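One chain comes next, on its own, written as structure tokens: the form solved without this ligand.
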């Protein structure tokens, strides 16, 4: 294929994410013939390590991904390490050395990507010294990959944006969101724009409501310390859920270039309504899991590191409103929580019921287009047909499709897609500042209420699909969650 000439620097190169997801993803791009001669990977962290010692760390990361050892050993020759304190300007000179040493050794003309798998407080500092200490390439491109999370509130997000803006341009900033890097999610645009019958129907005159579901069957497990302060609201809703909503709510672009794609998404984001105390209580529902029917499924308050008086949300559900001609009055429902009935990430477009009177007892019901993203990709379409009865009557049938095994292990995991796309300069599957600022303003209004506790905290049994309020929320507009479990 066309060789990808690039140099990647991994900050936090000894961390678990680097070992478990980053290196294997890079290794695959080598296996697929993208990365060949002209490429180098410089790892960096606070721990001391020999170039010999680092290579073994990488050798371990890809052990399970290795078929031909000679192939692995060849890939590993492109790796170098350097111990480094990110808060020390003088220490960056050592890092610049390793980077330029690599650029010479493999003959790479610029094209540098800086990945930051470090704690969120080091983001601004690092970005600053890459520019001032001369690490940015004078030729080719310079791109920065910012890990999750990009702020914890609009204010902190804006600060980060400002710090980063001091060394890079917005189009060089690649904010990570693994959900946006999921193959099935990228099908949304193809299904809509690729088929006129759906394209011309993606509006208020055809849709009754839209549903986004990021259901998890796991509890807090071990990340309770950090989670208790974030909750489902900032952990799944603010980031993953809002960005999926962006692909669904967006206007029709003028082209499929990332520039127009974002213009189309931002048009919708700029129309999203921000709620006040009263609206939050009416449109949103927060809850936390209690014990299920199994003693093994203990309540949230009994999890390790969780404070006994915690009013944190392990589940969130609510209605979104877009003040756009296209979505005038159409409800966008979203939900995400832990200890639910099943692991599932899906989108459900509920079309309006037809008004053609068939004279029958059972008249036409609402059609549904479902796009299952996790655990396994699948596309279903519920349509109205005739019942197998004597007197003419209608019923709903489900047409379905599921990814083949050929499709499955041939599909690129999110981290590979993101790294690959950054190397190609394609920001199509990445969130931009405008999208992130709006999502933060949306979530902040809600959090303020919760923080002040001017809204109730519901409860639900571990194993259900949420509290009953979640159902009542939709019933008010005459709707119901498609996925029941």
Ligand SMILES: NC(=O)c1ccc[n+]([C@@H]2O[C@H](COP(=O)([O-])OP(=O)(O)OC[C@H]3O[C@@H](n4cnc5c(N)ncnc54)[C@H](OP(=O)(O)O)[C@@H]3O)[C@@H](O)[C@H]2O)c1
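Numbering follows the first chain given and starts at 1.
Another form, the form deposited with this ligand bound, is not on view; read the next lines as being about it.
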query	finding
Segment that reaches this ligand in the bound PDB entry - one of 94-102, 251-259, 349-357, 110-118, heavy atoms within 4.5 Å	110-118
All of 377, 380 and 408 within 4.5 Å of this ligand in the bound PDB entry, heavy atom check	no
Partner proximity in the bound PDB entry: residue 17 to this ligand, non-hydrogen atom cutoff 4.5 Å	yes
Any non-hydrogen atom of residue 86 within 4.5 angstroms of this ligand in the bound PDB entry	yes
Partner proximity in the bound PDB entry: residue 45 to this ligand, non-hydrogen atom cutoff 4.5 Å	yes
Heavy atom of residue 24 within 4.5 Å of this ligand in the bound PDB entry	no
Single option in 297, 198, 154, 122 placed near this ligand in the bound PDB entry, where near means a heavy atom within 4.5 Å	122
Among the candidates 395, 148, 208, 128, the residue which, in the bound PDB entry, approaches this ligand to within 4.5 Å (heavy atoms)	148
In the bound PDB entry, residues of 407-432 near this ligand [heavy atom within 4.5 Å]	415
